[PDB]
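Accompanying notes for the structure given below.
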Amino acid sequence: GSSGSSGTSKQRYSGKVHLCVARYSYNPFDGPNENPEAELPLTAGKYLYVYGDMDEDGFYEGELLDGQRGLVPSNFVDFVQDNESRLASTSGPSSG
């Protein structure tokens, strides 16, 4: 896997994946949502793997550690990082 290059969201079910950490325990099957299965029950602290990027609706196809595949709000997920420190860094941030 991991081809690289990148260009544009090709497929939201094969492309690179991102690891996020539920920012706030969420449950789609807690409301009248007629499509709770679509989403995923985020658990503050827990992590998930969202393949691709934002969806047409504006959700993340996070893949629960259990294998649960569904939508995921970026407002309830925090793109966690294993070990940021990777490169020696060449460029810095900008003001703003």
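We label chains A, B, ... in the order they appear in the structure tokens, count residues from 1 in each chain, and number ligands from 1 in the order shown.
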I need the residues in chain A that are strand (DSSP E) according to DSSP; give them as an NGL selection string. :A and (17-22 or 47-51 or 61-64 or 77-78)
Once you have the residues from the selection above, write them out as a PDB file, in the first residue's frame, restricted to N, CA, C and O atoms.
```pdb
ATOM      1  N   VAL A  17      -5.189   6.288   4.707  1.00  0.00           N
ATOM      2  CA  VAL A  17      -6.090   6.369   5.844  1.00  0.00           C
ATOM      3  C   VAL A  17      -5.485   7.291   6.905  1.00  0.00           C
ATOM      4  O   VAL A  17      -4.265   7.435   6.984  1.00  0.00           O
ATOM      5  N   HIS A  18      -6.363   7.889   7.694  1.00  0.00           N
ATOM      6  CA  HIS A  18      -5.930   8.792   8.747  1.00  0.00           C
ATOM      7  C   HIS A  18      -6.417   8.272  10.102  1.00  0.00           C
ATOM      8  O   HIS A  18      -7.538   7.777  10.215  1.00  0.00           O
ATOM      9  N   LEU A  19      -5.551   8.403  11.095  1.00  0.00           N
ATOM     10  CA  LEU A  19      -5.879   7.954  12.437  1.00  0.00           C
ATOM     11  C   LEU A  19      -6.359   9.145  13.268  1.00  0.00           C
ATOM     12  O   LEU A  19      -5.614  10.102  13.476  1.00  0.00           O
ATOM     13  N   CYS A  20      -7.602   9.049  13.718  1.00  0.00           N
ATOM     14  CA  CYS A  20      -8.191  10.107  14.519  1.00  0.00           C
ATOM     15  C   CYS A  20      -8.554   9.528  15.889  1.00  0.00           C
ATOM     16  O   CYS A  20      -8.704   8.316  16.033  1.00  0.00           O
ATOM     17  N   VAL A  21      -8.686  10.421  16.858  1.00  0.00           N
ATOM     18  CA  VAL A  21      -9.028  10.013  18.210  1.00  0.00           C
ATOM     19  C   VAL A  21     -10.282  10.764  18.662  1.00  0.00           C
ATOM     20  O   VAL A  21     -10.234  11.967  18.912  1.00  0.00           O
ATOM     21  N   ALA A  22     -11.376  10.022  18.752  1.00  0.00           N
ATOM     22  CA  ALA A  22     -12.641  10.601  19.170  1.00  0.00           C
ATOM     23  C   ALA A  22     -12.381  11.672  20.230  1.00  0.00           C
ATOM     24  O   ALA A  22     -11.773  11.396  21.262  1.00  0.00           O
ATOM     25  N   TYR A  47      -9.598   5.541  19.135  1.00  0.00           N
ATOM     26  CA  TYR A  47      -9.080   5.932  17.835  1.00  0.00           C
ATOM     27  C   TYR A  47      -9.817   5.203  16.710  1.00  0.00           C
ATOM     28  O   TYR A  47     -10.505   4.213  16.953  1.00  0.00           O
ATOM     29  N   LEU A  48      -9.647   5.721  15.502  1.00  0.00           N
ATOM     30  CA  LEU A  48     -10.287   5.132  14.339  1.00  0.00           C
ATOM     31  C   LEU A  48      -9.466   5.459  13.090  1.00  0.00           C
ATOM     32  O   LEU A  48      -8.637   6.366  13.108  1.00  0.00           O
ATOM     33  N   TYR A  49      -9.727   4.701  12.034  1.00  0.00           N
ATOM     34  CA  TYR A  49      -9.022   4.899  10.779  1.00  0.00           C
ATOM     35  C   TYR A  49      -9.981   5.354   9.678  1.00  0.00           C
ATOM     36  O   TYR A  49     -10.791   4.566   9.190  1.00  0.00           O
ATOM     37  N   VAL A  50      -9.859   6.623   9.317  1.00  0.00           N
ATOM     38  CA  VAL A  50     -10.706   7.192   8.284  1.00  0.00           C
ATOM     39  C   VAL A  50      -9.948   7.193   6.954  1.00  0.00           C
ATOM     40  O   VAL A  50      -8.951   7.898   6.804  1.00  0.00           O
ATOM     41  N   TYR A  51     -10.450   6.396   6.022  1.00  0.00           N
ATOM     42  CA  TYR A  51      -9.833   6.297   4.710  1.00  0.00           C
ATOM     43  C   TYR A  51     -10.240   7.474   3.823  1.00  0.00           C
ATOM     44  O   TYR A  51     -11.383   7.923   3.866  1.00  0.00           O
ATOM     45  N   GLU A  61     -14.939   8.412   6.890  1.00  0.00           N
ATOM     46  CA  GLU A  61     -15.205   6.984   6.886  1.00  0.00           C
ATOM     47  C   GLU A  61     -14.273   6.267   7.865  1.00  0.00           C
ATOM     48  O   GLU A  61     -13.539   5.359   7.478  1.00  0.00           O
ATOM     49  N   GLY A  62     -14.332   6.702   9.115  1.00  0.00           N
ATOM     50  CA  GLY A  62     -13.502   6.114  10.153  1.00  0.00           C
ATOM     51  C   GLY A  62     -13.808   4.625  10.321  1.00  0.00           C
ATOM     52  O   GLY A  62     -14.963   4.211  10.234  1.00  0.00           O
ATOM     53  N   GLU A  63     -12.754   3.859  10.559  1.00  0.00           N
ATOM     54  CA  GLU A  63     -12.895   2.424  10.740  1.00  0.00           C
ATOM     55  C   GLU A  63     -12.550   2.035  12.179  1.00  0.00           C
ATOM     56  O   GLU A  63     -11.379   1.870  12.518  1.00  0.00           O
ATOM     57  N   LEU A  64     -13.590   1.899  12.987  1.00  0.00           N
ATOM     58  CA  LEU A  64     -13.413   1.531  14.382  1.00  0.00           C
ATOM     59  C   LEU A  64     -12.342   0.444  14.485  1.00  0.00           C
ATOM     60  O   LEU A  64     -12.134  -0.320  13.543  1.00  0.00           O
ATOM     61  N   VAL A  77     -13.597  14.064  16.170  1.00  0.00           N
ATOM     62  CA  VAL A  77     -12.396  13.267  15.991  1.00  0.00           C
ATOM     63  C   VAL A  77     -11.176  14.190  15.972  1.00  0.00           C
ATOM     64  O   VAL A  77     -11.247  15.309  15.465  1.00  0.00           O
ATOM     65  N   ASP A  78     -10.085  13.687  16.531  1.00  0.00           N
ATOM     66  CA  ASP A  78      -8.851  14.453  16.585  1.00  0.00           C
ATOM     67  C   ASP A  78      -7.728  13.648  15.928  1.00  0.00           C
ATOM     68  O   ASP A  78      -7.252  12.664  16.491  1.00  0.00           O
TER      69      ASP A  78
END
```
Do a neighbour search on range 30-46 of chain A at 6 Å with only C-alpha atoms, toss out local chain neighbours closer than 5 positions, and write the hits as an MDAnalysis selection string. chainID A and resid 21:25 70:72
Convert the current residue selection to file output with C-alpha atoms, as a CSV table (one decimal), in the first residue's frame.
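Result file follows (result13.csv):
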```
chain,number,residue,atom,x,y,z
A,21,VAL,CA,-9.0,10.0,18.2
A,22,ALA,CA,-12.6,10.6,19.2
A,23,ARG,CA,-12.7,14.0,20.9
A,24,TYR,CA,-16.0,13.3,22.5
A,25,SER,CA,-17.9,10.1,23.0
A,70,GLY,CA,-19.1,4.2,9.0
A,71,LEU,CA,-19.2,8.0,8.9
A,72,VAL,CA,-17.4,10.1,11.4
```
When you count only C-alpha atoms, which of these residues is closest to residue 60 in chain A: A:13, A:91, A:28, A:6?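 Smallest separation from residue 60 in chain A among the options: A:13.
Near residue 58 in chain A, within a cut-off of 9 Å and counting only C-alpha atoms, sit the residues residues 53, 54, 55, 71, 72, 73 and 74 of chain A, with same-chain residues fewer than 3 positions away left out.
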